[PDB]
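These notes concern the structure reproduced below.
Numbering of ligands and ligand atoms starts at 1, following listing order. Just the heavy atoms: all of them, side chains too, but no hydrogens, waters or symmetry mates, feed the values below. Reminder, nothing fancy here: chain letters follow the sequence lines and each chain counts from 1.
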Amino acid sequence: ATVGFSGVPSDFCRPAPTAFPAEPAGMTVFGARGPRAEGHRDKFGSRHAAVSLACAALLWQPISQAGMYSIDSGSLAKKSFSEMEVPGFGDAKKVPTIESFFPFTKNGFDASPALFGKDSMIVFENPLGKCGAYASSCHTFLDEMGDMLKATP
Amino acid sequence: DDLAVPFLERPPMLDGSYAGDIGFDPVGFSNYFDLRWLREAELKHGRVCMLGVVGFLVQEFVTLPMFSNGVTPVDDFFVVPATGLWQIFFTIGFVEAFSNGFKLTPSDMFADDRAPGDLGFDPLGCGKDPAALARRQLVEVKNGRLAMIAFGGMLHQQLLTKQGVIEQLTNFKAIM
Amino acid sequence: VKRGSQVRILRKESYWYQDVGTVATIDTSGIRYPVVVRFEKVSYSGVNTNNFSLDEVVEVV
Amino acid sequence: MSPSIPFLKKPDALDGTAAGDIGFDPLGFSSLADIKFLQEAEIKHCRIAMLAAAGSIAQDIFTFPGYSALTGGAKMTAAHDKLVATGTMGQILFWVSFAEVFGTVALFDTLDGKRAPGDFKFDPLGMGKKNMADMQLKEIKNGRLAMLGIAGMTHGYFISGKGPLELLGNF
Amino acid sequence: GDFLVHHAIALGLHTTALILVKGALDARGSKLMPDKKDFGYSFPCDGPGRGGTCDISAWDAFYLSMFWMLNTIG
Amino acid sequence: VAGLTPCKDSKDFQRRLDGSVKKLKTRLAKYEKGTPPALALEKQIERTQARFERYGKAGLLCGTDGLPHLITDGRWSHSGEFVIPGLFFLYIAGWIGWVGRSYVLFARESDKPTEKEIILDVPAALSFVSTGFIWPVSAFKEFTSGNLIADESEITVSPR
Amino acid sequence: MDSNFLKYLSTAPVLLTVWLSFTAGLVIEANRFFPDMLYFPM
Amino acid sequence: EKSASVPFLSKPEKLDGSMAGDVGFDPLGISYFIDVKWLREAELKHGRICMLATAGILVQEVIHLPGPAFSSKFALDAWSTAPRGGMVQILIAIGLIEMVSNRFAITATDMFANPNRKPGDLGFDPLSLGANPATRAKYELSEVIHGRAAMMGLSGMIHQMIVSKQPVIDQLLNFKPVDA
Amino acid sequence: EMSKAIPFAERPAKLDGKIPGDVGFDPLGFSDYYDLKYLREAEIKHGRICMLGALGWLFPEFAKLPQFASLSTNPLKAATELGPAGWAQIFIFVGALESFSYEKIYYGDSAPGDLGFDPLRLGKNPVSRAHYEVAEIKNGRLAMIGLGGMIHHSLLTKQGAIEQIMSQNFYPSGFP
Ligand code: CLA
Ligand code: KC2
Ligand SMILES: CC1=C(C#C/C(C)=C/C=C/C(C)=C/C=C/C=C(C)/C=C/C=C(\C)C#CC2=C(C)C[C@@H](O)CC2(C)C)C(C)(C)C[C@H](O)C1
Ligand SMILES: CC1=C(C#C/C(C)=C/C=C/C(C)=C/C=C/C=C(C)/C=C/C=C(\C)C#CC2=C(C)C[C@@H](O)CC2(C)C)C(C)(C)C[C@H](O)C1
Ligand SMILES: CC1=C(C#C/C(C)=C/C=C/C(C)=C/C=C/C=C(C)/C=C/C=C(\C)C#CC2=C(C)C[C@@H](O)CC2(C)C)C(C)(C)C[C@H](O)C1
Ligand SMILES: CC1=CCCC(C)(C)[C@H]1/C=C/C(C)=C/C=C/C(C)=C/C=C/C=C(C)/C=C/C=C(C)/C=C/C1=C(C)CCCC1(C)C
Ligand SMILES: CCCCCCCCCCCCO[C@H]1O[C@H](CO)[C@@H](O[C@H]2O[C@H](CO)[C@@H](O)[C@H](O)[C@H]2O)[C@H](O)[C@H]1O
Ligand code: SF4
C-alpha cells in the first residue's frame, strides 16, 4: 500500500530536486534557521537584528512625537509639519513630511516614546470585581455545585 | 590607543589609519559599508555643518542688500527667492559632479582610489607640509563632528525658541 | 535499435503514431517489417503488439 | 548539593564562581536560558532597582524646585504620569534608550564571551581595584535587597497612597 | 430573456459548427479509419471492427449537423 | 441605476413581496394556531420577508418586472453578482482539475494504473486533494518547468 | 477492518457516491443556514 | 503487542514510541494510512494555535488594546468588533508566515522532501532554548502535552461561550446552569 | 546552486547571476520557459515606461504647461480631458520611437534595451556603465511598483498623489 501525506514528491510522482540543501545550525533572533549564503549569519546575525531593533526604537522615540514644537507663545505648542510652506515647488506649497509615513493623528492614536500614550493606553479591566470562589455575592461555579449538593427537591 | 567604549572590542575595520579613529563604531557600520565611503560622508557632513554654523551666526546679524531678513536664520531660507535657492542647488550639484569627476556613486567614486575627502582643494597651499597635514586632518574631523552636533542643536533650538542662537542666549527662556 | 528498447512510432496510419513502445524482437531474416513493438495502450482492435520497419521507429532518450 | 537548598542538587549551569552564586535555582531557569544572559539581566535589575529605591526614599525626603510645581505634589507613579505629560520622562527614556543601544551591543559581547556580565568598565573613582570580587558580592547583594525593597515600596504606595517614609510614619 | 435565448443561439451555432468542422477536418482520415479518403465522402461505415464504426463519414457529420441546424433555426 | 432602478425602492418588488406574503397568509388562515402547518407557514412567511429585505439592501437592481437583474459587465459596484462568485468557482474547479491530474500521473507510474483508476488509492488521493489548495502557483510552475505542455512530436495524431 | 472490504469501499462507484453525497450535504447545509444567496455580499 | 493507553486494543504498528507523547493511542488507525510525520506536524500546529488561542481568550478579557474596536471582553464579540481590515491583514500575514516558514514546501507531496525537515521543526528557536540535548526531550514532551491540553481547553472555551454567552472568567464567576 | 533572493531555494538554471539586475529571483520560473533576452528587454521597457509615468504622475501637481493649466492635477482626469488630437500626436510620437524597437527586436541583435540612445556619453566608462545598468533596472522596478500603486490610488481617491498625501485620505471607502 501507500502511506499518504508522505511529503516526499518522488512517492507521488511529482517534480523534486535531486540534491537537497543541508541544514546549517545557526539562528538569528527575529529570523529563522535555514540555508543561507556564506557570511550571512556573521554579517546579519542575532547581533545585527537586535542592535538594529534598538536603533529603530530610539529613532521611533522622536518619530512618535513628531511635530514642530515652539515656545514663542510662552507655552509649548505642537504644530504639524504639514503646516510649514516650502518655496520653489510651484503649486505644492505644502509638501509631504514624516507624518505622511506615520499618520498617528489621522487614526486617532496618541503615540509616545513608548508605543502607547495617555489618550491611547492599554486598558486593564479587573475580572474578579467583588466575586469570590465560594460564599460570595457572585454566584460562582463552585457555588452552583454546593447549592446543587445541598438542594432540596 | 584608548578605546572610545572600553567595554566593547575595537572594531575590526578601524585600524587607526584614518584621523580621529578612537575605535568608535559600536553599531558596526564599517562592517557593512566601505570605510572610504563612510569617511567621505563624514567629512562632507562636517564641512557642510561648519559652514552652516558660521552661516547661522552671520545671517542673524548681517543680511545681503538684495535679500530681505527673516526673524531667524532658519526663516531666512523661506524669505529668500525660490529661483535663487534653485540656482544654489544646481551650482552645488555641478560642483559635486566636477569635484568627483562625474564619479558620484559608491561603485565608481573611489575607482581612482582617491583619499576620502580629498577633492584637490588647497588654493592657499595650507596642507603642503606633511606633519601639518596630519594634524590638520585631525583638526578637520574633530571640528566637523563638533560642528555637526552644533548645527543640529542650533537648528532645533532656533526652531523651538524662534530666536537666533545669540538672541536666545542673551534672552534665555526655559521651555516650561 | 535493439531488443528491450523504447522506440517512438513514425507510421502515420498507426494507432501508436508518435507514441513509445518496447521492442520485443528484431528479425534479421529480411522480412518487410522486422521489428516487433509492444505497447501498453491497446488499439481499437484490441491488439497491443505490431510489426514495424526500421524506418518507422526512432529510439527515444 | 545546593548550599542554599540542602536537599536539592546543585544546578548544573551554576558553577559557583559568579558573585552571589549560592546554588539557588530550584526551578532551573539557568538550564533554560544562557547563564550569561541571566547574569546580565540580574545585574541590570539590581542597579535599576537600587536607583529606584534610593529615588523613592530621596523623593520622600526632598523634591527639586520646579518639579514640585509641575507634578502638583504627586508622588511615585503619579509623579511618573504627571511628568510624562510634562515631557521629562520622555527625556529620561530617550537617553536611557540611547544607553541601552550600546547595552545591547555589550550584551552580545557578553554572549560572545568577550565581556563579563555587567562589566561596563565604569570605575572613575577606582573603588574596585582593591577587591573586585568583594565589591561585586556587595553590589549583587544590595541589588537583590533593593529589588525586594522597591517591590515593597511600590506596592505599599499602591495600597496606601503614601511613599515609603510617609507610610512608615503613618502606618 | 433575450440574453438567455441569445446564448442558446450561441450554443446552437457553435455545436452545428463543431459537427460540420469535425466532419470536414476528419473527412480525409481519423485514428479509427485512417484511410477515409480512399472510401470517399458518403460510405455507410467500416464495419463492427475496432469497436464499431457507425456514422464515421463526413456525410454522416452533415446528417448530424442538419439535426442541429434545424434545432438552432427553430 | 445602470439602466434599471434599485430594488429597495421599486413598487414592483414591493408588490411581489406582498403577493407572496398574501399567498402564504391565505394558506395559513385554514390551519389552527400552533399546529405544525401553522408554524411551517409562519416560518415560510418569515423567510420570504427576510429574503426580500436582504435583496433590497444588497443593492440589487430590479426591472419593471419587479425581479432583481444582474450587471455582469465588470463594473466593480456589481462584482458580487458574477465576478467574485466566478472567482470562487474558478478556484474550486482548478483545485479539482489539478488534484485529478496529479492522481492520473500517480496512477500512471504504478504497477496497475487501471486497477488504481477503478479501485482507488485513497491515501494518495487525499494527499492530492490536500495539495490542491495552491493549484494556481503549482500549475504555473508545472507550465514553466515544461511538465504540463507536451511536445507536438510526442502526442499521437491521425493522418491528414 | 478487512483489507478486501476496504478495497471494495475504495472502488470507484462507492467513492463517487460517498463523495457526491458529502458534497450534496455541504451544499444543502450551506443553503439551510445561508439561504437565498443570489449574490456574494459586498 | 497491546497499546499502553488502550490495553485491549493492539499497539499501533506505525507508532514506534520514538515521538514525544506516544502512548500507543491510535484506536482508529489513522497512522496506518497517513504518514506520522504529517500527523505530528499537524498536531504541533494545532496545539500551538490552541495554546495561543486559550491564552488570548483568557488575556484579552482583562487587558485590551486602546479603542472601542478592541474593547470587548467577550471573545466571539471581539471577533466581529475588531477592525475587519486588521483581521484580513492578520490572515494575509499568517499566509505569508506559512509560506516562508515551510520554505515553499506547503503541500502533502513536498512538505518533507528535504530529509533534514523534521515533523514540526520550522526553524523557530529565536532564543536558542532547544540547543541543550538534556532538556530537549523534556521540552518536546511538554510542548506536545501542552498542545493537547490547550486544544481541549480551547474547544471547551468556545462552546461554553456559545452556550453561556459570557466570557470564560465571567462565566466561572457568575455561573448560570443551562436552561433551554 | 542556491538563489540569492531566496536563500532556501535552488538558483534558477537560466539565471546564473551574470546578467545585470540578477539576484536569482524567479520563484515561478519564467526564465525557463520564455526567452531570457526577450524578458530582459520587456523588463527594461516596462521600467522606462513606469519611470516616466511615475515622474509625470506627480509633475503636473507641481507645475503644468501653460497650455494645459486647466487640466486636472488628477492624471486620469487630465487623460480624459486632453482630447483626441493631442493623444493622437502622442501616439504617433510613441509609435515612431517604437519603430526603432521593432527593428532592433525583429531584425537585429543587440544588448537588451540597447537602442543606441546615449547622447551625453555617460555609458563609456565600464564601471559606471555597470552601475548605471543595474540602477536603470532597479529604478524601473521601483517605478513599476510605485506607478501601479499610484494608478490605483488615483482610481480610489480621484485625486493626485501629493493631494492624497496632504489630505491624508490614505484609506479606502470601498470600490469606486
Ligand atoms: C453554481 C454554479 C455553477 C455550476 C453548477 C457550474 C458547473 C460547471 N461549470 Mg462552472 N462556472 C460558474 C458557475 C457554475 N459552474 C461561474 C460563476 C463561472 C464563471 C467564472 C463558471 C465558469 C466555468 C468555466 C470557465 C467552465 C465551467 C465548467 C463547468 C462544468 C464543468 C466543471 C468541471 O468539470 O470542473 C472540474 C474541473 C476540471 C475538469 C478542470 C478543468 C476545467 C476548469 C473549469 C479549469 C479552471 C482553471 C482554468 C485555468 C480556468 C481558465 C478559464 C479561461 C480559459 C476562460 C460544470 C457543469 C467547465 C465547462 O463547462 O467545460 C466544458 C468550464 O470550462 N464553469
Ligand atoms: C551658488 C550660488 C549662485 C551662483 C553660482 C550664481 C551664479 C549666477 C551666474 C553665473 C554663473 C549668473 C549669470 C547669475 C545670474 C543671476 N542670478 Mg544667480 N547665482 C547664485 C545664487 C543666486 C541667488 C540666491 C539668486 C540669484 C539670482 C540671479 C539673477 C536674478 C535676479 C533677479 O531676479 O532680479 C540673475 C540674473 C536671484 C534671483 O533669481 O532672484 C529671483 C537670486 O535670488 N543667484 N547667477
Ligand atoms: C558605579 C560607581 C559609582 C556609583 C554609584 C552609585 C550611584 C551607586 C548607587 C547606589 C544606590 C542608590 C544603592 C541603593 C540601594 C538601595 C537599597 C538596598 C534599598 C533597599 C530598600 C529596602 C530594603 C527597603 C524598604 C522598604 C520597603 C520594602 C517598603 C517601605 O515602606 C519601607 C522600607 C523603606 C523599609 C560611583 C559614582 C561611586 C563611581 C564608582 O567608580 C563606581
Ligand atoms: C517556543 C518558543 C517560545 C515560545 C513561546 C511561547 C509563546 C509559548 C506559549 C505557550 C502558551 C501560551 C501555552 C498555553 C497553554 C494553555 C493551556 C494548556 C490551556 C489549557 C486550558 C484548559 C485545560 C482548560 C480549560 C478550561 C475550560 C475549557 C473550561 C473552563 O470553565 C475552565 C478552564 C479555563 C480551566 C519563545 C518565544 C520564548 C522563543 C523560544 O526560543 C521558543
Ligand atoms: C538615457 C539617458 C538619459 C536620460 C534620462 C532620463 C530622462 C531619465 C529619467 C529617469 C526617471 C524620470 C526616473 C524616475 C524614476 C521614478 C521612480 C523610481 C518613482 C518611484 C515612485 C515610488 C516608489 C513611489 C511612490 C509612492 C506611491 C506609489 C504612493 C504615494 O502615496 C507615495 C509615494 C509617492 C512614495 C539622458 C537624456 C540624460 C541622455 C543620457 O545619454 C542617458
Ligand atoms: C486602460 C485603463 C482602464 C481603467 C483604468 C485606467 C483608466 C487607469 C486605464 C489604465 C490602467 C493602467 C495603466 C493600469 C496599470 C496597473 C498597474 C501598473 C498595476 C500594478 C500592479 C503591481 C503590483 C500588484 C505589484 C505587486 C508587488 C508585490 C506583491 C511585491 C512583493 C515582494 C515583496 C514585498 C518582497 C520581495 C518579493 C516581492 C514579490 C517583489
Ligand atoms: C505603507 C505603504 C504600503 C503600501 C502597500 C499597501 C497595499 C494595499 C493597501 C490596501 C488598503 C489598506 O486597507 C485598509 O482598508 C480598510 C477598509 O475598511 C481600512 O479600514 C479603516 O481604515 C481607517 C483606519 O485605519 C479608517 O479611517 C477607515 O474609516 C476604515 O475603513 C483599513 O485602514 C485598512 O484595512
Ligand atoms: S450498425 Fe453501424 S456498423 Fe453495424 S452495419 Fe449498421 S452501420 Fe455498419
Side-chain angles (χ1 to χ4, degrees), chain A residues 27 29-30 33 96 100-101 140-141, chain D residues 32-33, chain F residues 74 76, chain H residues 44 47-59 92 96 100 122 124-131 139 142-143 145-161 164 167-173 175, chain I residues 5-6 23 25 27-28 46-59 61 74-77 79-80 113 115-124 132 135-136 138-155 157 159-166 168-170 176:
Chain A
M27 196 65 203
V29 66
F30 312 112
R33 174 219 60 181
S100 316
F101 284 25
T140 64
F141 184 64
Chain D
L32 180 85
Chain F
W76 300 97
Chain H
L44 285 168
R48 291 159 176 173
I49 293 154
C50 284
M51 270 195 263
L52 296 169
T54 50
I57 294 187
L58 276 146
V59 167
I92 297 162
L96 303 166
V100 182
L122 274 56
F124 178 82
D125 201 353
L127 314 165
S128 302
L129 312 174
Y139 293 169
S142 298
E143 193 193 34
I145 301 301
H146 276 100
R148 294 164 179 185
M151 281 189 261
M152 299 273 76
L154 188 274
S155 61
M157 280 163 179
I158 294 289
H159 286 89
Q160 291 167 214
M161 281 180 358
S164 71
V168 184
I169 308 173
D170 188 37
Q171 184 186 9
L172 270 168
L173 290 182
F175 198 82
Chain I
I6 294 114
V23 295
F25 179 65
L28 297 175
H46 290 106
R48 289 167 182 164
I49 297 288
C50 295
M51 273 185 276
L52 298 180
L55 177 52
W57 208 269
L58 302 146
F59 208 109
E61 310 199 65
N74 183 326
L76 300 177
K77 187 60 66 182
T80 64
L115 308 171
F117 184 70
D118 188 354
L120 267 70
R121 277 146 288 110
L122 311 167
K124 310 300 155 236
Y132 297 158
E136 188 189 36
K138 268 165 97 175
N139 283 292
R141 290 166 177 164
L142 185 49
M144 293 190 248
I145 303 297
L147 183 64
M150 283 153 143
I151 285 153
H152 285 68
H153 308 156
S154 291
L155 292 175
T157 58
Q159 306 170 14
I162 303 295
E163 186 187 345
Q164 176 198 353
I165 296 163
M166 296 332 281
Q168 289 192 329
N169 64 359
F170 297 120

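Scanning the protein for heavy atoms near atom 11 (C) of ligand 4, the closest one is H/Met51 SD, 3.8 Å. Protein heavy atom closest to atom 17 (C) of ligand 4, with residue, atom name and distance, is H/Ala150 CB, 3.7 Å. Nearest non-hydrogen protein atom to atom 20 (C) of ligand 4 is H/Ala149 O, 3.8 Å. The protein non-hydrogen atom at the shortest distance from atom 12 (C) of ligand 5 is I/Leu55 CD2, 3.5 Å. Closest protein heavy atom to atom 37 (C) of ligand 6: I/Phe25 CZ, 4.1 Å. Protein heavy atom at the shortest distance from atom 10 (C) of ligand 5 is I/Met51 SD, 4.4 Å. The single protein non-hydrogen atom nearest to atom 9 (C) of ligand 5 is I/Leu52 CD2, 4.9 Å, given as residue, atom name and distance.
Taking 4.5 Å as the limit, every side-chain heavy atom of I/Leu147 sits out of range of all side-chain heavy atoms of I/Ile49.
Taking each of I/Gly148, I/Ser154, I/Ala79 in turn, the one with a heavy atom nearest to atom 21 (C) of ligand 6 proves to be I/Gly148. For atom 33 (C) of ligand 4, the candidate residues are H/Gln160, H/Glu143, H/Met157; the nearest heavy-atom contact is made by H/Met157. Of the candidates H/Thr54, D/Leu32, A/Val29, it is H/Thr54 that places a heavy atom closest to atom 19 (C) of ligand 4. Looking at I/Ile165, I/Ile145, I/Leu120, I/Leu115 and measuring to atom 32 (C) of ligand 5, the nearest heavy atom belongs to I/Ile165. Closest heavy-atom approach to atom 25 (C) of ligand 4 within the set H/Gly130, H/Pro126, H/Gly153, H/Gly156: this belongs to H/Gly153.
Looking at I/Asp118 against ligand 5, both its backbone and its side chain come within 4.0 Å, counting heavy atoms. Residue-level proximity to ligand 4 for H/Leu172 is carried by the side chain, the only part with a heavy atom below 4.0 angstrom.
Protein non-hydrogen atoms do reach within 4.0 Å of atom 39 (C) of ligand 5. Within a 4.0 Å radius of atom 23 (C) of ligand 5, the protein has at least one heavy atom. For atom 4 (C) of ligand 4, no protein non-hydrogen atom is found at a distance below 4.0 Å. In this structure, atom 15 (C) of ligand 5 has a protein heavy-atom contact shorter than 4.0 Å. Protein heavy atoms are absent from the space less than 4.0 angstrom from atom 7 (C) of ligand 5. Atom 33 (C) of ligand 6 is never approached by the protein to below 4.0 angstrom, counting heavy atoms only. Distances from atom 28 (C) of ligand 6 to the protein include no heavy-atom value under 4.0 Å.
Atoms of ligand 4 lying under 4.0 Å from at least one heavy atom of H/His146, given by number and element, are 18 (C). Listed by number with element, the atoms of ligand 5 under 4.0 angstrom from any heavy atom of I/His153 are 29 (C). The atoms of ligand 5 that sit less than 4.0 Å from any heavy atom of I/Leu142 are 23 (C). In summary, the atoms of ligand 5 found under 4.0 Å from a heavy atom of I/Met150, numbered by their order in the structure, are 28 (C). Taking every non-hydrogen atom of I/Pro119 and a distance limit under 4.0 Å, the qualifying atoms of ligand 5 come out as 39 (C), 41 (O). Near I/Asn139, meaning under 4.0 Å from any of its heavy atoms, are these atoms of ligand 5: 18 (C). Each of the following atoms of ligand 4 lies closer than 4.0 Å to a heavy atom of H/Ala55: 12 (C). The ligand atoms of ligand 5 that sit less than 4.0 angstrom from a heavy atom of I/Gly146 are 22 (C), 24 (C), 28 (C). If you number the atoms of ligand 6 from 1 as listed, the ones under 4.0 Å from a heavy atom of I/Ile145 come out as 25 (C), 27 (C). For ligand 5, the atoms lying closer than 4.0 Å to a non-hydrogen atom of I/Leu122 are 40 (C). When each atom of ligand 4 is checked for a heavy atom of H/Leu129 under 4.0 Å away, the hits are 40 (C), 41 (O). In summary, the atoms of ligand 4 found under 4.0 Å from a heavy atom of H/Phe124, numbered by their order in the structure, are 1 (C), 2 (C), 42 (C). Near I/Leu76, meaning under 4.0 Å from one of its heavy atoms, ligand 6 places the atoms 8 (C). Every atom of ligand 5 is numbered from 1 in the order shown, and the set under 4.0 Å from a heavy atom of I/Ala54 is 19 (C).
Of all the heavy atoms in A/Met27 and H/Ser128, the pair that sits closest is CB-OG, 4.0 Å. I/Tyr132 and I/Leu122 make their closest contact through CE1-O, 3.2 Å (heavy atoms, listed as atom of the first residue, atom of the second, distance). Residues H/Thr54 and H/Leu154 share a closest heavy-atom pair of CG2-N, 3.5 Å.
I/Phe170 CZ: more than 12 foreign heavy atoms inside a 6.0 Å radius.
Once rounded to the nearest 0.5 Å, the distance linking CD of H/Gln171 with CE of H/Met161 reads 9.5 Å.
Side chain of H/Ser155 to backbone of H/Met152: a donor-acceptor contact under 3.5 angstrom is found.
Heavy atoms of I/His152 approach ligand 6 to within less than 4.0 angstrom.
Taking distance alone, with nitrogen or oxygen atoms compared against 3.5 Å, H/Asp125 approaches ligand 4 more closely than that limit.
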